[PDB]
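Residue numbers (full-length UniProt numbering), protein chains in the order written: chain S, 45 to 251; chain H, 37 to 212; chain V, 98 to 145; chain D, 61 to 216; chain F, 13 to 128; chain L, 36 to 359, 368 to 378; chain E, 29 to 124.
Just so it is clear, CB atoms sit at the ideal spot from N, CA and C, and this is done for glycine as well.
Please read the structure below before turning to the comments.
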Amino acid sequence: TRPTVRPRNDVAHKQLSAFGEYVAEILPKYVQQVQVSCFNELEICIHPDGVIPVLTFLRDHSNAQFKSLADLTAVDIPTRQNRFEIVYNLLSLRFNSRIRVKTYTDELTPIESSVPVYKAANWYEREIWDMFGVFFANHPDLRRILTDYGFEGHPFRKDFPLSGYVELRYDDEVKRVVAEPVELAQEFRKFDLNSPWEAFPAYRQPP
Amino acid sequence: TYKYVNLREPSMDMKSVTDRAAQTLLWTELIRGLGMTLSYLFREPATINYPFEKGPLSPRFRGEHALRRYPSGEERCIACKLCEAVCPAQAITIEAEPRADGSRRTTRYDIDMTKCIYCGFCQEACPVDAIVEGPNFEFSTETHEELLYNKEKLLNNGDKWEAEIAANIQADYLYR
Amino acid sequence: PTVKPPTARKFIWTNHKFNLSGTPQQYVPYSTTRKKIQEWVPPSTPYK
Amino acid sequence: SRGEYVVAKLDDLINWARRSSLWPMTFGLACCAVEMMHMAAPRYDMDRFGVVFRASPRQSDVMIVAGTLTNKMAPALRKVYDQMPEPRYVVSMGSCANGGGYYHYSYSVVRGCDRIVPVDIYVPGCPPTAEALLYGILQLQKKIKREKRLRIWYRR
Amino acid sequence: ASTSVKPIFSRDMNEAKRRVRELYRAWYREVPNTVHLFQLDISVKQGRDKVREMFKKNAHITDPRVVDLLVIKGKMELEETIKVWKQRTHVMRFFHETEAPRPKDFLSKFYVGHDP
Amino acid sequence: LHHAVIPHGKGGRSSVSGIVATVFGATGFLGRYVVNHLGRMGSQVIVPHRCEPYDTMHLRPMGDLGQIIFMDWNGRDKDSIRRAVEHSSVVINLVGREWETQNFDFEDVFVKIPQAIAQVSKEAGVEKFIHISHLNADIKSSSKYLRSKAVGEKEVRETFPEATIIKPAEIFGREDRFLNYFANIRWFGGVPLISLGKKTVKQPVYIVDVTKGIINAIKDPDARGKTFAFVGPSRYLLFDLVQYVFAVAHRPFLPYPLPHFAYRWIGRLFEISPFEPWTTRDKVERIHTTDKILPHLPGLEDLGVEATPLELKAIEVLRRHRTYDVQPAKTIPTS
Amino acid sequence: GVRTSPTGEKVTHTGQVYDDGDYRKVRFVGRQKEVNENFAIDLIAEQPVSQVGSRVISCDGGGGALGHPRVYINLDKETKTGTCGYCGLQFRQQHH
Ligand SMILES: NC(=O)[C@@H]1CCCN([C@@H]2O[C@H](COP(=O)(O)OP(=O)(O)OC[C@H]3O[C@@H](n4cnc5c(N)ncnc54)[C@H](OP(=O)(O)O)[C@@H]3O)[C@@H](O)[C@H]2O)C1
Ligand code: SF4
Ligand code: SF4
Ligand code: SF4
Ligand SMILES: [Zn+2]
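Shown next, in the form of structure tokens:
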């Protein structure tokens, strides 16, 4: 074989492709796209209205039994109308398999909280609101989790500066820690690392 | 394969029940614990007599940064900024210009030892073994400014520790 | 070092110095680059 | 005996008492606390120098800031410094406490615990080895050994 | 379909204004407790003026969804103050007591530096 | 001059303000606010200190890296003064002690030391020089503290003619000895006073107001060779002022008269302590001295500072004196 | 080597020295200015020009893999020597 190239597993790829169609046939109302990657990962892309139907089916259906929410996060892609892409990574212990479910929202459109399906989603959705600003409807207790109290903005957005807008310091006149506009003794040095030559022809986007 | 850690059924015969009754009333398993601490009292402690004895290290130890020279005294650094580009913490600031004799050399080489994570990526990325992490780990200061190294400080560290840096590199360059 | 002494080089320190922090011999950082922008010096003779 | 001789000796006695009984309060915030625990472990045994393992904030003489100090945590670090009886010294352990470290440019990180509290010793490393931290503590003892409070008072 | 946007809480500005006044009433009555619990040096009048000023900034909004988020954020901010999750530093960051006044006119900005 | 220090930045911690200041006596009550304000705007501050370095640790956080430099100096060593000012563009003299020691008396700290600092600064080429006198300085006053203030204020005006002299009233603040002084008398039963506090009028000023006046006098070219008088916005009788202090502190107020000669006898007893005396014969004279009115001198309003009333910030100072609203005292209308 | 300026301050191998009127000289008061006494520019000038008998020569800086990337230097010009771009050693072609 080739010592340095990752071996392929066509059996898992075929199995996940068949199961992707299986879900798409059972939830046409919501599924918008299904794809399987070259390393055997299945992604189900759905309408944001189908969060509770699709996740509930995947958790409870006998042939799915995805009873674990491994991770719930979001990605900011400012070029899209709906900036944020909400990603649910699920694990099935019954079938020793994983599935990824993706939806989308924007700054003002809320998404239905997944706490009714998976209790683990409670703190993951608090982090998405805190870092990305996506609002989850009917969340039992939604509020900042990671950032400081009174922190303005949502750091993990692509238009939020790396060092933020304010910085802390102890002032002896007021005898407390104060917040002032950020000044850096050394500015972060922006490196332009991209190579002007195409690396992967297989992903060439048509002009 | 798997195994159960706590799935035993305590035998309920009279002898076994009385064995547990003696354990409860006579504190047998608690005294068994005192035996273990008593034994440690009579072992030799593992403490070393610092600073008169020092903990063992290896040639690969990543300590204080330093700038080296060739056997002639010429600086090894030729201002290529690979250490600056790789440094994950952006702790290295470099400026360079053609020297008086026309050589490619730095006019500034600062390592903010308070941004540095002592990762060693600088000594890996250097193609002339100029910047290294020496074996000194005792250079704590009394002020924050003393940890902002410039080229003069880094060259002095190289001249200071060249006797030990060279022997460490000699003992490890074949693994690199 | 008595059995395998280090390689000798002219630039290596002959006298080793311990940690000098907190003493007058301590290191003080400074910029090692010369001035960048040369400012205009006005003429020293009156224009009129 | 001259007054300058009695005061010189009293300084040594109180300096000796204070540097021989340094009880530290450790702010274990991040990985540097694990190396701080290795200084208390049998290998180095900080306790044999007179440095008790764990001391309450109202009994401590030195605060060891061992780990990243974030904005959210900075107010509580100052609150513990203000409640520490004097003399009180502060030791900054690691790059994160020193000057921000790996996370210098983060929106949520205090770029050095020395802009929240005064610092007496800076221990460099990510993390400093248990021996490099013990060097800082022993370096703080020598700093306390050079104090001349009574001598300076006698010349006012 | 372009403007057929899912709401958060309010279906029109009339409902959104209802939540704002309820939020304003909650803040108005809380200031005397905040000035007492946190031992602030400001007065109740100054605290309520800041509450008033904060509401006035977002008075030009006409999108109910945007108003819903401002009320959602406002309630979250109020929750931190009521439950004493904030500290005196967080409550006093609305007043900018250590930031020297910055000039607003052209000439004063012209002397100090280059920022417009 | 090839160029000044050319301020850069936004005026924050990491900016460059162009001020290189040698603040003498920066380890006291007034100094810890001057360094704080100079450091907040990014100024190189040299802090000559006579004390142990442990007592200057509260200043280190006030400036960015390298913006605060600590040097040793002796009040009677002109060479040490020269080392601290020869690179500065402004020298601020805050040296002052409210009691006489075995080694330094009111003549040394208020005449000789200010004059030595002023002379060396002129020789070294220092441009700005700010000297802090007292408002009630008078060569014919019962307080040796105030008499030496007048003598020293005159020699500074001679050695360094282009010197800005600030003449503030009693300053009240967190670390003051004016409002904290009218709170430690409760430990002795009652609050003894001369003439029951009547016949004495005081016009205290806030520490930050004095601090902003000094900062604005450094940056104001129209302050060279000018004598300022920093006073508060209201005048109070010494009786109603002290009554207000005890009302903010919620402590019993039992003011009783005490003859002047007896107040001196108790004052002498407290002078035997080798530490900061609780009260000295000189302090009692100043507390009961009446704040002068000098309309010809400029004040805070000229430098651009609005004097802060004592009512908005008496709670700040006196919060620590409470155990486990208050009516403002009676002001004195300007005729 | 280190040559002091007219104010008592040493000039570093990069030519940096604070002007007489610069306020930044204050940081050295009571302390010292760290300057490295071994100027590399002068030291590399003490190395003799190696005489070789071929058009092209190779330099790795000495020590094999402990030196610098091996480069090949051309010696066709008789007016000047062949200088290594990394270590500064100079080479000359013997009488041709
Ligand atoms: N505090 C007030 O109410 C008033 C009212 C009007 C005028 N003043 C004068 O302003 C100067 C500042 O005084 P202060 O800061 O308020 O009070 P102090 O704590 O005493 O500060 C004195 C500093 O000067 C140092 N100092 C005193 N004596 C000496 C000396 N012989 N040699 C060197 N320094 C001396 C002192 O240092 P240290 O002893 O604490 O280490 C302080 O730093 C003052 O002139 C007022 O009269 C304020
Ligand atoms: S050890 Fe790593 S972080 Fe430190 S200077 Fe070298 S490359 Fe940068
Ligand atoms: S130290 Fe090495 S990697 Fe860094 S600039 Fe110099 S030659 Fe390049
Ligand atoms: S300095 Fe290094 S070890 Fe210490 S907290 Fe920061 S990253 Fe962790
Ligand atoms: Zn070479």
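Query                                                                                                                       : Result
Residue(s) in a DSSP beta bridge with residue 87(E)                                                                         : 99(E)
Contact check, residue 69(S) vs residue 79(S), beta carbons under 8 Å                                                       : no
Three-state secondary structure assigned by DSSP to residue 59(H)                                                           : helix
Euclidean distance between Cα positions of residue 99(L) and residue 124(D)                                                 : 22 Å
C-beta contact flag for residue 89(L) and residue 147(D) at 8 Å                                                             : yes
Check your reading: residues with Cβ closer than 5 Å to ligand 1 heavy atoms                                                : 60(L), 62(L), 63(L), 64(L), 65(L), 85(L), 86(L), 110(L), 129(L), 130(L), 131(L), 132(L), 139(L), 144(L), 167(L), 169(L), 203(L), 205(L) and 206(L)
Residues surrounding ligand 5 [beta-carbon distance to nearest heavy atom under 6 Å]                                        : 87(E), 89(E), 96(E), 112(E), 114(E), 115(E) and 117(E)
Min CB distance residue 121(H) to chain S below 8 Å                                                                         : yes
CB contact below 8 Å: residue 77(L) versus chain F                                                                          : no
Residue 189(D) CB to nearest heavy atom of ligand 4 below 7 Å                                                               : no
Of the residues 68(F), 77(F), 83(F) and 101(F), the one placed nearest residue 49(F), counting alpha carbons only           : 101(F)
Interfacial residues, the segment 115 to 141 of chain L to chain E, with Cβ spacing under 7 Å                               : 118 and 122
Inter-residue Cα distance where the pair is residue 198(D) and residue 79(H)                                                : 28 Å
Closest residue to residue 162(H) among 103(H), 38(H) and 64(H) (Cα-Cα distance)                                            : 103(H)
Meets three-Cβ-pair contact criterion under 8 Å: the segment 187 to 205 of chain D and the segment 169 to 189 of chain H    : yes
Coil, strand or helix - residue 110(E) by DSSP                                                                              : strand
Burial state of residue 186(H), where buried means 16 or more other Cβ atoms lie within 10 Å                                : buried
Cα-Cα separation between residue 107(D) and residue 99(D), rounded to whole angstroms                                       : 9 Å
Interface partners of residue 108(D) on chain H, CB under 8 Å                                                               : 83
The segment 62 to 81 of chain F touching the segment 26 to 33 of chain F, judged by at least three CB pairs closer than 8 Å : yes
Cβ-Cβ distance between residue 266(L) and residue 243(L) below 8 Å                                                          : no
Meets three-Cβ-pair contact criterion under 8 Å: the segment 108 to 118 of chain L and the segment 295 to 306 of chain L    : no
Residues surrounding ligand 3 [beta-carbon distance to nearest heavy atom under 6 Å]                                        : 113(H), 114(H), 115(H), 116(H), 117(H), 118(H), 119(H), 130(H), 161(H), 162(H), 164(H), 166(H) and 167(H)
Completely contained beta strand (DSSP E) runs for the segment 128 to 209 of chain L, where each covers 3 or more residues  : 163 to 167 and 199 to 201
Test: residue 51(E) CB closer than 8 Å to a CB of chain H                                                                   : no
Minimum Cβ-Cβ distance from residue 198(H) to chain L less than 8 Å                                                         : no
Residue from 94(H), 98(H) and 112(H) whose Cα sits closest to the Cα of residue 88(E)                                       : 112(H)
Residue 110(L) versus residue 128(L): straight-line alpha-carbon distance, rounded                                          : 12 Å
Exposure label - residue 367(L); buried when at least 16 CB within 10 Å                                                     : Regarding the residue in question, residue 367(L) is not represented: chain L runs 359 and then 368, omitting everything in between.
Short CB-CB distance (under 8 Å) between residue 336(L) and chain F                                                         : no
Residue 201(D), DSSP secondary structure in three states                                                                    : helix
8 Å Cβ shell around residue 374(L) - same chain, five flanking residues per side excluded                                   : 269, 270 and 271
Buried/exposed call for residue 206(S), threshold 16 Cβ in 10 Å                                                             : exposed
Endpoints, the alpha helix (DSSP H) within which residue 92(D) is located                                                   : 92 to 100
Test: residue 122(V) CB closer than 8 Å to a CB of chain E                                                                  : yes
Alpha-carbon spacing of residue 61(S) relative to residue 46(H), whole angstroms                                            : 52 Å
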